[PDB]
Amino acid sequence: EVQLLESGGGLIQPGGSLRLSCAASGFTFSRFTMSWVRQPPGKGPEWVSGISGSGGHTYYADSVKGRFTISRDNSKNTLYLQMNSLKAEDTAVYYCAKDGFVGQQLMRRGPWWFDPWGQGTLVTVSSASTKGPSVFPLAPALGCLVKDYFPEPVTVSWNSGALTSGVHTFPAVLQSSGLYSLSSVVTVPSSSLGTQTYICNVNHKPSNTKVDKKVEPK
Amino acid sequence: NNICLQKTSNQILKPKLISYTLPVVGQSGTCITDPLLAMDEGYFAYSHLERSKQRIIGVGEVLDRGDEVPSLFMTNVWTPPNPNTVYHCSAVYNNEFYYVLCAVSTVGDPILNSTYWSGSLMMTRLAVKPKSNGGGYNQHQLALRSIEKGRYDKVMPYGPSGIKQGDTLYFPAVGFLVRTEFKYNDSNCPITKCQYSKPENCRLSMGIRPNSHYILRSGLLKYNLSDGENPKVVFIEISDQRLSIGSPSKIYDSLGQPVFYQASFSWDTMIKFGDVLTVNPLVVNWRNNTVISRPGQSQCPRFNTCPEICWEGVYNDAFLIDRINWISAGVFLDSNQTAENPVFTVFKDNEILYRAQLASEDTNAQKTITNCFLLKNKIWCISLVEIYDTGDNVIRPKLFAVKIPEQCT
Amino acid sequence: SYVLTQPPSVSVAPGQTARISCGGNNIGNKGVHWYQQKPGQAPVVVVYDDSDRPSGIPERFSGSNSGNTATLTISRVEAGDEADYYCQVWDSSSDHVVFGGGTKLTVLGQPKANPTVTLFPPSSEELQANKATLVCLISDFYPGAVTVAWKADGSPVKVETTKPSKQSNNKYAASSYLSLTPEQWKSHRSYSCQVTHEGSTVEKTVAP
Ligand SMILES: *[C@@H]1O[C@H](CO)[C@@H](O)[C@H](O)[C@H]1NC(C)=O
Ligand SMILES: *[C@@H]1O[C@H](CO)[C@@H](O)[C@H](O)[C@H]1NC(C)=O
Ligand SMILES: *[C@@H]1O[C@H](CO)[C@@H](O)[C@H](O)[C@H]1NC(C)=O
Ligand SMILES: *[C@@H]1O[C@H](CO)[C@@H](O)[C@H](O)[C@H]1NC(C)=O
Ligand SMILES: *[C@@H]1O[C@H](CO)[C@@H](O)[C@H](O)[C@H]1NC(C)=O
């Protein structure tokens with residue numbers, strides 16, 4: 001199938017730099033028009049930039065004109081977006097979208113529509129220093145605690161991907177101080193506790209925290 | 001005769017809608033596509049498709065409607081049976097008759113079904129002043145003894161109007177050539193000042209897709225009326241100077257010299273027209289115009305000048321009215337990637353002189369056909385603008401009569 | 001430059017039709033596209049070029065454009081159709097693509113669900129760090145709006161709770177955190193999480 005894999009998001013001072021990369025697989029990358037659509041948390045999407053198939057024509061939006069720069073490497077099947085002079089407004093999820101139209105027409109009533117979208121990459125423009133989380137075990141169902149981190153996001157996985165069934169990761173809560181905290185849980189039977197070793201693989205990019213915490217009964 | 005020759009800001013152009021003078025253009029609840037408007041001397045020819053589907057090929061006169069404004073008055077309408085088979089008509093006038101060359105296909109538009117096309121053509125001769133009880137005069141389907149195409153596999157008319165040189169007709173056409181037999185050295189592709197281009201771009205862009213079976217080469221179809229009782233059609237390919245994909249072209253007389261226009265369906269967004277140096281073989285002294293282009297799509301938008309792999313564009317032609325300064329007139333679309341906002345523009349090679357907006361900035365408008373003439377020693381132009389009605393939800397042609405002002409005030 | 005206006009929310013009963021309005025100045029002359037975005041997922045395209053449907057999109061999704069308003073009509077609304085919908089266009093007056101504010105479509109008449117509540121005591125490693133925290137995770141409950149009540153040895157306490165977030169399954173989910181000092185966890189010999197949903201309370205206890 002077709003899939004877009006964004007990367008490069010994170011946490012940066014206002015006026016700083018940031019460059020996102022979009023890996024594309026499943027189609028002739030040079031033949032299609034790529035774009036960057038960003039979406040603030042809990043709001044509608046917004047189109048940041050776009051680039052022609054050959055990269056000859058680049059189209060920006062007035063909100064990021066003069067600050068963002070889109071590029072493209074058709075040999076690497078990858079799309080880029082160089083963000084400079086970042087403002088606090090730019091904090092949003094950044095999607096990578098491919099033009100979905102296929103065919104030999106002369107004119108398109110809608111020259112721009114997207115199919116498919118990526119999975120987004122989180123970019124936070126803030127002046128707040130990052131804080132590393134604390135991984136604590138929830139002993140027995142059983143889970144893991146991720147206390148006092150900033151900023152979003154963090155990822156958690158049980159048994160290094162060898163265990164996805166019945167793992168309900170709950171969303172984080174923003175505490176009064178501004179530091180997030182979340183916990184994931186997975187329900188296991190009591191007929192395999194003293195044998196199957198359960199480890200949660202927590203990962204929090206902005207503070208370089210990668211922790212594997214084993215969860216055993218107390 | 002002389003016109004306003006300088007760039008001015010006053011709205012001197014006062015276009016007048018004459019659509020209802022031609023009663024067939026305007027109907028309620030009907031989609032009308034594929035238009036043709038061709039004029040020569042005192043007459044004209046018109047065609048459209050009422051997509052009760054019907055093809056209409058008509059002729060008439062360009063007469064003073066009363067207030068010294070020209071309008072089309074129909075004198076003979078032909079309804080060819082089986083309208084699904086008739087595609088890509090082209091009209092040329094000569095000696096009280098109008099010759100309409102048109103393609104016949106049972107596999108759809110031959111451009112989209114190039115391999116399966118039968119290749120059959122048909123030529124119908126319409127009378128401008130038809131006789132009552134007149135068989136073989138009012139309308140008569142001529143017989144073509146042969147279609148000479150050379151190394152091309154198929155030929156087809158591909159344009160609204162053409163010219164007559166004495167007793168010989170010249171329709172705008174296009175040649176279907178097998179892409180393997182297409183000879184092209186990719187070093188000729190001007191990818192010098194285009195760092196994102198490639199040598200193979202404009203070669204692969206000679207077909208509607210890079211992997212296309214055929215390639216399209218514009219040119220002319222020749223019908224010599226003094227060539228036996230049953231004349232034949234011979235194809236005349238256009239030269240390799242500023243080569244683009246075979247597009248709906250148009251060749252017209254203007255001030256005693258033929259002028260050629262080719263639509264921009266490839267990466268050469270800038271307008272492609274100019275005086276004809278030789279008809280056979282075809283050589284067009286293209287203008288080096290840098291101000292008029294056409295709306296395309298995403299990769300080949302308006303004003304693009306770099307060789308790209310694309311097949312996007314629309315047909316907006318121009319008409320030379322003052323050869324001394326090379327001032328042309330035409331309705332163009334002020335838009336980059338959509339078919340919107342038609343504007344009647346009068347321009348030179350490097351300067352738009354004066355303009356007039358025909359509709360609103362977001363009005364859907366596709367094909368534009370412009371021809372100019374004289375009315376009592378005054379220069380007039382009648383344009384056909386395909387426009388989408390906001391209410392009826394159906395695209396439809398529209399006829400505007402624009403006078404070229406003499407003063408600039 | 002160009003402006004697309006969408007009503008904030010639409011409510012339809014199951015099996016009926018749901019029509020989502022997308023308003024725009026002379027939007028008939030423009031190609032309207034539609035994107036559906038379920039929670040935690042990327043927007044998927046359900047209609048393009050006014051009326052064309054993508055491959056794999058259910059046929060009950062149909063788009064129509066005429067005049068100053070294009071309407072995406074969802075025929076035979078299902079429970080899974082609960083998502084955010086955005087109409088999209090290209091503004092050739094500034095060479096931007098423009099989106100709409102969005103429309104959250106909630107489907108009426110879904111049965112009520114019970115909150116699966118589980119309470120975890122402070123971890124042994126965390127308790128050694130002289131700081132404690134109790135967690136209460138409510139899972140799968142409809143309609144999504146609950147109240148949490150933290151108690152200490154049967155006595156109420158004076159704690160951070162999250163906003164109810166919709167889950168993959170259409171039933172909502174949320175969590176709440178109670179932070180305490182190391183003495184309070186062992187001073188009182190009991191601790192319980194009390195949550196009420198539609199006049200019915202669920203509880204869970206933990207002991208040192
Ligand atoms: C081309 O014509 C053939 C012959 O019937 C037909 O099978 C095919 O579907 C046509 N394709 C197009 C694109 O018109
Ligand atoms: C194409 O043109 C280049 C430059 O003139 C020349 O070096 C090359 O040999 C040509 N190729 C062919 C096949 O003639
Ligand atoms: C047309 O044919 C006649 C006789 O066959 C010939 O004298 C004349 O030159 C031809 N004209 C053209 C334009 O081919
Ligand atoms: C356009 O420029 C080319 C190159 O200078 C020239 O050969 C051609 O004659 C020009 N076209 C004109 C003057 O119409
Ligand atoms: C169309 O393109 C030109 C240059 O490519 C640009 O100056 C103009 O602003 C574009 N049109 C719009 C509406 O942005």
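Just so you know, the numbers here start at 1 and follow the chain as drawn.
The way this entry was determined, per its header, is X-ray crystallography, 3.4 Å.
Cβ from N, Cα, C; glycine included.
The disulfide bond annotation in Swiss-Prot covers B:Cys4-B:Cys408 (among others). In the three-state DSSP scheme, B:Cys408 (disulfide bond) falls into the coil class.
Reduced to three states, the DSSP call for B:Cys102 (disulfide bond) is strand. Listed in sequence order, B:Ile57, B:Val86, B:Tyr87, B:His88, B:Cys89, B:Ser90, B:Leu121, B:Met122, B:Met123, B:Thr124, B:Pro157 are the same-chain residues six or more apart from B:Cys102 (disulfide bond) with CB atoms under 8 A from its CB. The disulfide bond feature in Swiss-Prot is assigned to B:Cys89-B:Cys102 (among others); the stated evidence is experimental evidence.
Taking Cβ-Cβ distances under 8 Å and a sequence separation of 6 or more, the neighbours of B:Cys189 (disulfide bond) in its chain are B:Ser197, B:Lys198, B:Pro199, B:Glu200, B:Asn201, B:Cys202, B:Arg203, B:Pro307. According to Swiss-Prot, the disulfide bond annotation covers B:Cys189-B:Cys202 (among others), on the basis of experimental evidence.
In three-state terms derived from DSSP, B:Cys306 (disulfide bond) belongs to neither a helical nor a strand segment and is classed as coil. Residues or ranges marked as disulfide bond in Swiss-Prot (evidence: experimental evidence): B:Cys194-B:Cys306 (among others).
What Swiss-Prot records for B:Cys300-B:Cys310 (among others) is disulfide bond. In three-state terms derived from DSSP, B:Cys300 (disulfide bond) belongs to neither a helical nor a strand segment and is classed as coil.
The annotation disulfide bond is assigned in Swiss-Prot to B:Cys372-B:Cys381 (among others). A strand conformation is recorded for B:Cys381 (disulfide bond) in the three-state DSSP classification.
Sequence annotations record features per position, and here Swiss-Prot assigns N-linked glycosylation site to B:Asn113 (among others) based on experimental evidence. The number of other CB atoms found within 10 A of the CB of B:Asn113 (N-linked glycosylation site), across every protein chain shown, is 12.
DSSP gives B:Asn185 (N-linked glycosylation site) a coil state; it is part of no helix or strand. B:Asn185 (N-linked glycosylation site): 8 other CB atoms within 10 A of its CB, across all protein chains. Swiss-Prot lists B:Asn185 (among others) with the feature N-linked glycosylation site, giving experimental evidence as the kind of evidence.
Counting only same-chain residues at least 6 apart in sequence, those with a Cβ under 8 Å from the Cβ of B:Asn224 (N-linked glycosylation site) are B:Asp167, B:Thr168, B:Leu169, B:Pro231. Look at B:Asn224 (N-linked glycosylation site): DSSP puts it in a strand. As annotated by Swiss-Prot, N-linked glycosylation site applies to B:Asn224 (among others), with the evidence given as experimental evidence.
In the three-state DSSP scheme, B:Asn288 (N-linked glycosylation site) is classed as coil. Note: B:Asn288 (N-linked glycosylation site) has non-local neighbours B:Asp349, i.e. same-chain residues 6+ apart with C-beta under 8 A of its own C-beta. The N-linked glycosylation site annotation in Swiss-Prot covers B:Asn288 (among others).
Among the features that Swiss-Prot reports, N-linked glycosylation site is placed at B:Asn336 (among others). DSSP classifies B:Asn336 (N-linked glycosylation site) as coil under the three-state reduction.
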Most Cβ neighbours inside 10 Å, all chains, among the disulfide-bonded residues B:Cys194, B:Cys372: B:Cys372
Contacting recorded positions for ligand 5, chosen from B:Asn185, B:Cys194, B:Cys202, B:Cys306, B:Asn336 when the Cβ sits under 6 angstroms of any of its atoms: B:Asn336
Recorded positions whose CB lies under 6 angstroms from ligand 2, from B:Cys189, B:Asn336, B:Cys408: none
Listed recorded positions adjacent to ligand 4, that is, members of B:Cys89, B:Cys202, B:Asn288, B:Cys381 whose C-beta is under 6 A away: B:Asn288
Å between C-alpha atoms of B:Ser52 and B:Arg51, the residues bounding 8 unmodelled positions: 8
Cα-to-Cα gap, B:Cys408 (disulfide bond) vs B:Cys381 (disulfide bond), nearest whole Å: 17
Within reach of chain C, those recorded positions of B:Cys4, B:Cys102, B:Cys202, B:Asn336, B:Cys408, CB-CB under 8 Å: B:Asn336
Entry from the disulfide-bonded residues list B:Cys4, B:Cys381 having the most other CB atoms no farther than 10 A: B:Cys381
Disulfide-bonded residues listed as B:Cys89, B:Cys202, B:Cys300, B:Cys306, B:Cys408, least Cβ neighbours within 10 Å: B:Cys408
Members of the disulfide-bonded residues set B:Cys194, B:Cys306, B:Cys408 whose C-beta sits under 8 angstroms from chain A: B:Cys194, B:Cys306
